[PDB]
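Throughout, a chain's letter reflects where its sequence line sits, starting with A, and its residues are numbered from 1. We use all heavy atoms of the structure for the numbers below, so side chains are in, but hydrogens, waters and symmetry mates are not.
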There are 2 protein chains.
Amino acid sequence: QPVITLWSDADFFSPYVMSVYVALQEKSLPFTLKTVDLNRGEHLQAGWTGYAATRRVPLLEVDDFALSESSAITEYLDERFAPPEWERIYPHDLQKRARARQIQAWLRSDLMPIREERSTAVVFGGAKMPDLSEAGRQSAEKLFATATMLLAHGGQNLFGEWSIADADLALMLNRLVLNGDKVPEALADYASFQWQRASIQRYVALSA
Amino acid sequence: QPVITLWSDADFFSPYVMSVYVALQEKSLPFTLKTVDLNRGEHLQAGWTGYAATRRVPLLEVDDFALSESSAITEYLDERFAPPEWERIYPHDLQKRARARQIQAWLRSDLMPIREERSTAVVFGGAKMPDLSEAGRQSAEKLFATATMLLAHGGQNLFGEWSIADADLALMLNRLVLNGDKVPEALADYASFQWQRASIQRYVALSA
Ligand SMILES: N[C@@H](CCC(=O)N[C@@H](CS)C(=O)NCC(=O)O)C(=O)O
Ligand SMILES: N[C@@H](CCC(=O)N[C@@H](CS)C(=O)NCC(=O)O)C(=O)O
Ligand SMILES: [Cl-]
Ligand SMILES: [Cl-]
């Protein structure tokens, strides 16, 4: 049994920490949760292991191996703790897996106005934010249109069975849904359904 | 033989298009190169296949499958056109592969001041940019420190044999090197060595 440690921000607000946390829970992997206070710059001092990685959370330690970047981490988890012995968190189908990777990489590198104007303080901290800027509206429209195309098959999950991409997409949608913003009904249904995920709800409880 | 199409920005300046182009070349996969003019918004009209993906380049088509996000694309290529028949572009070792993914995901989601103040017009277009802002200096220092740790083994490539992460890291470093900025000598040596890669030089020739 490897010793697994997950490093979180001190508020448990990070969507990227959430992604890793969810992956661990879905595989029933035992782990220790530790924190760094980003607001006080605990990440920008060399006392924590993550200063030597990318100086960001999440960081996952598995025995003597330390790895940053949530998607790198979850991909590693799915390879190291592989099906059938552990539950798979990426689609088995080549193309669906590629689409899952597309979604993850897209969410991490686009939609900055939503990430800034609808931070995870809305999602995990009960914060309420003012109307979106026009830049925010543009990002919202792209999000909506993209999610609608991905979910056009009418299924509950992106790729049939639940995958880690569902958690990440649901979080992004919930930045808007949980702020009380106007969201297409089918997308609000998806986001609220996915947010009930036991693994997600366990993470939600951390910042309660 | 699948029909492969790569969509680029019209200038061939995208670092993400470069990553895919390089992957294709390294595997000796035949493909057609097409362009959309981002400056004129050709990506924000529904006449191109990529409006229905994430409305960004690169987009790769492989017969009837269309996929965006450079790292999703290169990961797909390494699975669909797998070693030994085709050259591998990700490390075979589990941990080195995870580190390669970390680097790719990190470069795509951090260092925004470098990406903005040292755009790929410097890299591919002969542009020269003024002194970095303090925010730019902060990003440069993080880049330097991180690359130095990754390359501390003293080898020519990140993970022994060349991997796609070398191309992406070299490009990021070359945003600074090719602008005439002060860069630690060992990192400038790495960046210039990697930039000689035949696949990279072929892409460089496109915007000549
Ligand atoms: N692409 C990343 C992003 C990680 C990230 O942005 N983490 C933030 C907290 S949510 C952070 O550590 N920021 C501190 C900093 O950039 O100095 C991932 O998926 O892990
Ligand atoms: N994470 C992406 C980023 C892709 C990206 O930012 N592409 C830019 C050109 S370099 C783009 O298409 N921008 C158009 C837009 O955002 O509307 C990747 O690796 O493919
Ligand atoms: Cl914090
Ligand atoms: Cl263009």
Side-chain angles (χ1 to χ4, degrees), chain A residues 16 19 43-44 46 51-56 58-60 62-82 90 93-112 115 138-139 141-143 145-150 152 165, chain B residues 16 19 43-44 46 51-56 58-60 62-82 90 93-112 115 138-139 141-143 145-150 152 165:
Chain A
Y16 310 115
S19 196
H43 65 304
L44 298 188
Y51 191 82
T54 52
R55 306 177 186 173
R56 300 204 293 195
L59 181 85
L60 192 78
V62 181
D63 296 326
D64 64 324
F65 180 56
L67 178 65
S68 69
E69 289 291 327
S70 62
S71 67
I73 292 161
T74 57
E75 293 259 17
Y76 167 80
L77 290 175
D78 218 37
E79 295 180 349
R80 173 70 191 282
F81 304 108
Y90 287 90
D93 176 78
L94 173 73
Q95 291 181 3
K96 293 186 185 181
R97 178 166 60 257
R99 194 76 69 215
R101 294 182 171 134
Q102 175 191 297
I103 296 167
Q104 290 203 292
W106 170 57
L107 293 170
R108 285 158 177 72
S109 69
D110 204 3
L111 311 176
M112 190 66 81
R115 295 151 55 196
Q138 292 176 16
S139 293
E141 172 52 32
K142 183 176 183 176
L143 173 59
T146 304
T148 296
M149 288 183 164
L150 289 166
Chain B
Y16 310 115
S19 196
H43 65 304
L44 298 188
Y51 191 82
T54 52
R55 306 177 186 173
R56 300 204 293 195
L59 181 85
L60 192 78
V62 181
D63 296 326
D64 64 324
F65 180 56
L67 178 65
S68 69
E69 289 291 327
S70 62
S71 67
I73 292 161
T74 57
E75 293 259 17
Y76 167 80
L77 290 175
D78 218 37
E79 295 180 349
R80 173 70 191 282
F81 304 108
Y90 287 90
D93 176 78
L94 173 73
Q95 291 181 3
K96 293 186 185 181
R97 178 166 60 257
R99 194 76 69 215
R101 294 182 171 134
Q102 175 191 297
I103 296 167
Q104 290 203 292
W106 170 57
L107 293 170
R108 285 158 177 72
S109 69
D110 204 3
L111 311 176
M112 190 66 81
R115 295 151 55 196
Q138 292 176 16
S139 293
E141 172 52 32
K142 183 176 183 176
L143 173 59
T146 304
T148 296
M149 288 183 164
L150 289 166

Apply side-chain contact (heavy atoms from CB on, under 4.5 Å) to A:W106 and B:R56, showing your working.
-> CA-CA 10 Å; A:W106 170 57; B:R56 300 204 293 195; 4.0 Å; yes
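- A salt bridge does not link A:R108 to A:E69: none of the charged nitrogens lies less than 4.0 Å from a carboxylate oxygen.
- Ranked by heavy-atom pairs under 4.5 Å with chain B, the list A:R99, A:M112, A:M149 is led by A:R99.
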Step-by-step side-chain contact (heavy atoms from CB on, under 4.5 Å) determination, A:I73 to A:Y16 | CA-CA 10 Å; A:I73 292 161; A:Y16 310 115; over 6 Å; no
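- With respect to chain A, the highest number of heavy-atom pairs below 4.5 Å among B:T146, B:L150, B:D110 belongs to B:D110.
- One distance of note links CG of B:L67 with CG of B:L60; it measures 7.0 Å at 0.5 Å rounding.
- For A:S71, the part lying near chain B is the side chain, with the backbone staying farther off; criterion is any non-hydrogen pair under 4.5 Å.
- A donor atom on one side chain and an acceptor atom on the other are not found under 3.5 Å apart for B:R101 and B:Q104.
- With a 4.5 Å cut-off on non-hydrogen atoms, B:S68 touches chain A through its backbone and its side chain both.
- Note on B:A72, B:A100, B:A145: by heavy-atom pairs under 4.5 Å with chain A, the leading option is B:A72.
- If you measure heavy-atom distances from B:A66 to chain A, the contacts under 4.5 Å come from the backbone alone.
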